[PDB]
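Below you will find one chain, with nothing else, as structure tokens; this is the form deposited in one PDB entry, and questions on how it binds or moves follow later.
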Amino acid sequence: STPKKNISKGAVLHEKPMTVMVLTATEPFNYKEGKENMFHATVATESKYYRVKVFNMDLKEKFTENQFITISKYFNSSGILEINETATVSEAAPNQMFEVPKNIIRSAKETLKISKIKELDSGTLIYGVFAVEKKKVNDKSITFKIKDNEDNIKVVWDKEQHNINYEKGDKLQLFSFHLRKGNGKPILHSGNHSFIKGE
């Protein structure tokens, strides 16, 4: 539809094919409100793991746990792969397949300590699974609090009301949330691509 369409500001295009194994992917959902579906994915190589944002819905079938794929003309914004109709995505050839270390996989399912998160620069993109607290409904928002035990952080959802909690004691899983500090006590804020659900 357009070369950089749906791509983040300043993302760098990556030329050469890279082959990865899919760990994880979410349902497509909706943003830029009402237009623009996308979905979230985690993939790995032998060396490292990447978080992915997928703007071309045709790719949804290629993204399934443990499936190997080859990507080219994708975009990297600050370490997060972004992918749209401009990229080519193939089912990988066996010769291109490889082993993926337990470490890497452990490492890519792993969630930071709220303590450690708070030492991070403003605007940092946060992902993780968290225990939850009392929510709220506000004319135009929703409010959480989540526990690492050793915190303690508030979470602000600015988007819209659909999803599933989940009868509270269900835990809470976060994609692409924005760290905000300022003068106040810091919080995690919803963003373009933000996604929450029960784990």
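Just so we're on the same page, rigid core means the largest C-alpha set that superposes within 1.5 Å between forms. Position 1 is the first residue in the sequence shown; the rest follow in order. Residues that one form lacks are left out of the comparison.
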When mean C-alpha B-factors in the record are compared for 106-114 and 122-130, the larger belongs to 106-114
Could you settle it for me: does 153-161 or 55-63 have the higher average Cα B factor in the PDB entry?
153-161
Looking at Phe68, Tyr166, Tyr50, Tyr31, which has the highest Cα B-factor in the entry?
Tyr166
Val43: which third of its chain by C-alpha temperature factor?
lowest
Sorting by Cα B-factor within the chain, modelled residues only, which third would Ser1 end up in: lowest, middle or highest?
highest
Third of the chain, ranked by Cα B-factor, where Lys185 sits:
highest
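Only in words, not in the display: the form deposited in another entry, which the text now covers.
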Core fitted between the shown form and the other one: which of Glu27, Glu65, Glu160, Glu46 shows a C-alpha shift of 2 angstroms or more?
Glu160
Indicate closer or farther: the Cα atoms of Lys109 and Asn163, in the other entry, relative to the displayed form, with a change of 3 Å or more.
farther
Thinking of the 3 angstroms or more shift, are the C-alphas of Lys140 and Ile164 brought closer or pushed farther apart in the other entry than in this view?
closer
In terms of 2 Å or greater CA shifts after rigid core superposition, the runs of three or more consecutive residues between the shown form and the other one are 160-167
